[PDB]
Each structure stands twice: as structure tokens, then as C-alpha cells.
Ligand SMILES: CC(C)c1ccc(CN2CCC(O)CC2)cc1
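Shown next as C-alpha cells: one chain only, the form deposited without this ligand.
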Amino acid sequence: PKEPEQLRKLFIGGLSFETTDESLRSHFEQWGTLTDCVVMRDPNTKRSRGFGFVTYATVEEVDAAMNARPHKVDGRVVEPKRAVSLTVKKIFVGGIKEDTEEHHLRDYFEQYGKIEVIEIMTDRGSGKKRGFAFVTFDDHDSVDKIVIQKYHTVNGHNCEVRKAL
């Protein structure tokens, strides 16, 4: 059945004040079926608040829209982000124990986004692996996709993954 609506929504910040529900829809419909599309406006002046939301029919359509950034809507580059579950590019990965290596984390996480840093944590005194790591991506959407999954399995371990600093 249908993925939860919260996971199919994109907040679109930085809109041109001239963007309307119709022009926002016409833009974002290029990447999927939109079940909802709203420009936030002042209740008295009707002047745009400079942000809005679009809701796609599926998560894969959200991915397609995010993969097509940068989006220029009505002449202005906007800022799409998945709805809340801050905006960061780094994750903590725990529960990897002592047998998990860089390539294990790379091979798994590279399908969420472009990796810039993998840091497998070792003990300051002994050099032994401590069983957690940090992965830094080039962009926040990778992290946003990662942290909404219920499960992450890497090197046979069920991992705890959260946003880092």
C-alpha cells in the first residue's frame, strides 16, 4: 500500500514571491504525480511567505525530484528538503563492532549519496576499533534518506544510525 504521506512531502524553501500553487505544481510535476502542492501565504495580505510544500504519490518520486536539484522555479533557485522526522551531512553509525571496515560502510552508504569522509573510530590508547564510525556526504539528502529507515544492516550487523553534529 501507500507510503506514509509524511515521507512523500518536500518542503520547498526560498520561493520567488511570485510562485503560485499552479506554477509550483507545474514545475514539480516533471518528476512525479503530485497529490498536493501549496504555497504558504499570509492570511491577511495573501503575500507569499516564500516557502511551500509538494506531496508526491511515491517515495521514488521524491527521490527523483531531489536527484534533479538544483531546482530553478520561476527564475529562483529553491531549497527542497524532506519533511521532518537539523540539516546535516554527517551520520553516526553504531553497532559495527570490530570487524567492520571502510569498504563495508562505503559499499552500503554510497547508494544513499556521494561519500566524502569515512572515519572508523579507534581507541586513543590501544588503537582497537571501538565499534562505531562517522560518514560524511556531500549533501544533506543522503542523511535525510538514511535516518528515516527503520533498519540498517552493514556487514551482518544491525546498526544504529543518527545525524551527527
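The numbering used is simple: start at 1 and walk along the sequence shown.
The same protein has a further form, the form solved in complex with this ligand, not shown here; the description that follows concerns it.
Steric access to the site is open in the shown form: after superposition of the site C-alphas, this ligand as positioned in the deposited bound form comes no closer than 2.4 Å to any backbone or C-beta atom. Proximity of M40 to this ligand in the deposited bound form falls within the 4.5 Å heavy atom cutoff.
Residues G52, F53 are the members of 52-73 with a non-hydrogen atom no more than 4.5 angstroms from this ligand in the deposited bound form.
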